[PDB]
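>>> would you be able to build a 3D model of this:
(one chain, ligands or ions: 1)
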Amino acid sequence: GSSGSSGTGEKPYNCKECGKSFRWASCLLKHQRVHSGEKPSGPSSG
Ligand SMILES: [Zn+2]
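Residues are numbered from 1 along each chain as shown. Below is the structure in question.
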């Protein structure tokens, strides 16, 4: 029960596809690869 404290830190880069965060750009640009090609996760295994 603080209701107020110091420690407001958030990364500048933040993905919109899923809603993740990243310190550097490249770090995010690389993750964007997942939002480029869909992966077989579901109907794959009967
Ligand atoms: Zn994402």
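>>> would you map the helices across the chain?
25-31 (DSSP state H).
>>> please enumerate the strands of it.
Using DSSP state E, the strands of the chain run over 13-14, 21-22.
>>> deepest in the core, which of those strands is it.
strand 21-22 (a mean of 14; mean count of other C-beta atoms under 10 Å). Heads up, the C-betas are built off the backbone N, CA and C, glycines and all.
>>> which residues are contacting it?
If you take C-beta atoms under 8 Å, 6 or more residues apart in numbering as the criterion, strand 21-22 is touched by 10, 11, 13, 14, 15, 28, 31.
>>> tell me how far the last one lies from residue 2.
The one in question is residue 31. As defined by C-beta to C-beta, to the nearest Å, residue 31 lies at a distance of 33 Å from residue 2.
>>> same check on the fourth one?
For residue 14, the distance to residue 2 (C-beta to C-beta) stands at 25 Å.
>>> quick one on the thing from earlier: higher neighbour count, residue 31 and residue 2?
Per other C-beta atoms under 10 Å, whichever of residue 31 and residue 2 has more neighbours is residue 31, with 15 against 4.
>>> wondering if stretch 12-25 reaches the ion at all.
Yes. Applying C-beta under 5 Å from the ion, one finds stretch 12-25 touching the ion at 15, 17, 18, 20.
>>> count the neighbours of the last one for me.
Read it as residue 20. Neighbours around residue 20, by other C-beta under 10 Å: 14.
>>> look up phi and psi at it.
phi -100, psi -180 (degrees, to the nearest 10).
>>> list the contacts of it.
So residue 20 contacts 14, 28, 31 (C-beta under 8 Å, 6+ apart).
>>> so which of those is the closest to the ion?
Nearest to the ion out of the contacts of residue 20 is residue 31 (C-beta to the ion; 5.6 Å).
>>> quick one: the closest one and residue 15 touch, right?
Yes. Using C-beta atoms under 8 Å, residue 31 is in contact with residue 15, at 6.4 Å.
>>> bridging residues for the closest residue to residue 11 other than its chain neighbours?
For residue 11, ignoring the flanking residues on the chain, the nearest one in space by C-beta to C-beta, 6 or more residues apart in numbering is residue 21 at 4.3 Å. Legend: beta-bridge partners of residue 21 under DSSP bridges are residue 14.
>>> having no further points to raise, I will conclude here.
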